[PDB]
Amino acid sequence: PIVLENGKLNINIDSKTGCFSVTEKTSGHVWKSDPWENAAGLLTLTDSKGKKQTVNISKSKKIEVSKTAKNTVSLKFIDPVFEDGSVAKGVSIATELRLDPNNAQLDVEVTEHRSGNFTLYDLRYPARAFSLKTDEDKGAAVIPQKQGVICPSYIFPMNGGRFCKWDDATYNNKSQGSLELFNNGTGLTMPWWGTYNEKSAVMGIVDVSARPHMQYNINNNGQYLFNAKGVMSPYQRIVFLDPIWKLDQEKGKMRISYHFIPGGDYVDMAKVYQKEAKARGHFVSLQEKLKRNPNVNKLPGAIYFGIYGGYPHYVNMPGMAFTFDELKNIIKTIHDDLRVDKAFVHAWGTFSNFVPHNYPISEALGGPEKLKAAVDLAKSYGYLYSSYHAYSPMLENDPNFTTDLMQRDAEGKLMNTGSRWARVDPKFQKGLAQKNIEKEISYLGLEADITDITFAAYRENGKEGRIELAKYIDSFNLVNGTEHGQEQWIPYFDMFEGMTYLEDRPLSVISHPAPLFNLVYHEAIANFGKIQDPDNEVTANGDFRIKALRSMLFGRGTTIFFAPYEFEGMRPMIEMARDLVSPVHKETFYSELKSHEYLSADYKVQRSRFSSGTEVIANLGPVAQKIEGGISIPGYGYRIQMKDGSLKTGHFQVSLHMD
């Protein structure tokens, strides 16, 4: 066995298989290689017949493991063997393990692959590494899926219905699969993931040039590997997260940097990535944004109101569209009657053309002077205001629809025919914004802007055009927001609408929300709830009680998103957000979310500490539970220590009024 060792880690590499273990010498915890098959890696490739197979590369005909520098071990896997015993002659995978001389850090890189006459597809490398043994390790996988989740490595008490779904999912396909980086759907928002137990933590950070996928296995014993053969899995239930290198498309450096943290958990992992986030240039603080634009200080304590008039989906839809006088009266009511001191008013439906032609201000809704009266009233309150804007859609029902501005692929076929909100090639979007946005800014005296869709993901195709648009919008120095966001866009915006949770998502029944993204970026980007899952709707992610409490724990702002006819029914939730969430949001807005903790065995009682001197404890479940010192937190209750020394305690109550 070949050893790399420094003061902090011992890497033990098996010369027969290329598998390796990592001893974290402070805690003494040992991370084992693949517990199931002793596979260093899992390679998907075509056979002689053109059929895809997945093979254990530790079964290759020749495996060469040599110490090639003081702290580098080079590995080569030559001529893998298929299930029938034929050989993939001429195929090979070369990798390197590089131990930092001083730090508890191990770089792992796929340096070369050779396909011969076959075709190489997925490579899981390292395979089923850094795993947790279910119900032996008491820890979790840590996955930055949108705002982020943890997946405990053991079964624990919880509501009976939740428990049945949770345990069942660890025995079927719900607990295995893969996610991608930097999308606004099911995927990851930061290029890292990790595992920890009560002794030690490990996380891996993906090279900035690479786009592996992430395979997950959450307490599953691998029965999914055996269902087609109709036999029972012989393997043990474990938790692992693996990189999937897409050998058929990846042109970047296939490197992942593992960082080992004695006694660490998901908080420590997030703080390690926060250093890398700064080095990558993503981290531009809200304090720096405020120095550039004093109006950023209209955001702390603001409720984000989306008044949804059926636009962009329809122009002047009966029963949905608001007139500009109606918009003014909603703003007046929010301030004068509901006493909301700070607000971001976002009016969806102010133009008489379909996006991406964001003009003119609609005559049918009252015309420019009446919109200006509404915006002026909002400004007189100190509120931020934006219309709905988008430069990416090309909509079937728009009389101006054309395919002129849609992108085509190499075969001349239209792209995004299945995604109507993202059809305009980004290389045209700055020019579309230039058609009217300066006119609207000048006429309405705008202080703010929100732009939809374009910055919800960070994909390679079209990135240059998106950057051009972001730089143009940023050049106006408005308080500005965008849908969902990604870390790469943080330099250009003050707020993201979203970066919370999908309602239906892989892992939903076997994970707990954890504020991973905000543990990294709360000081750099403000976030609010998503308009599809706002704080006034009851969804898989909770009702108002749960969402208000989670908002304060995670450091996000309230979103109230409604059709005009619903407005009277929003009043009680606006008042509760005003009294409970808004003062905490205001106090914590610029601060670091220093720590988050789960304080109850069912993960429903949680404690967040912010560098404003604010501590938020809340109980997201129905039953009162005790914490340290015999302090009781009511069901749907909170205990919040403010910087001014006051202690806010209380809880939500549902009551039945029988007349």
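Rigid core here is just the name for the largest C-alpha set that superposes within 1.5 Å across the two forms. Heads up: residue numbers just count along the shown sequence, starting at 1.
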Self-check item: RMS Cα shift after core superposition in 4 other deposited structures of this protein, winner of 406-414 and 280-288
Solution: 406-414
Quiz item: Mean CA B-factor: is it higher for 174-182 or for 356-364?
Solution: 356-364
Quiz item: Out of 203-211 and 517-525, which one has CA B-factors that are higher on average in the deposited record?
Solution: 203-211
Self-check item: Residue with highest C-alpha B-factor in the PDB entry, from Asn71, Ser387, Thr558, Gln223
Solution: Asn71
Quiz item: Which is it among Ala169, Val424, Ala457, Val110: the one with the largest CA B-factor in the entry?
Solution: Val110
Practice problem: Looking at the entry's B-factor column for C-alpha atoms only, identify whether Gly621 ranks in the lowest, middle or highest third of its chain. | Solution: lowest
Practice problem: Rank-wise, by C-alpha B-factor, drop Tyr598 into the lowest, middle or highest third of its chain. | Solution: lowest
Quiz prompt | Chain-relative CA temperature factor third for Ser612 | solution = middle
Quiz item: Within this chain, which third does the Cα B-factor at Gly645 fall in: lowest, middle or highest?
Solution: middle
Quiz item: In terms of the chain's CA B-factor thirds, is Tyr314 lowest, middle or highest?
Solution: lowest
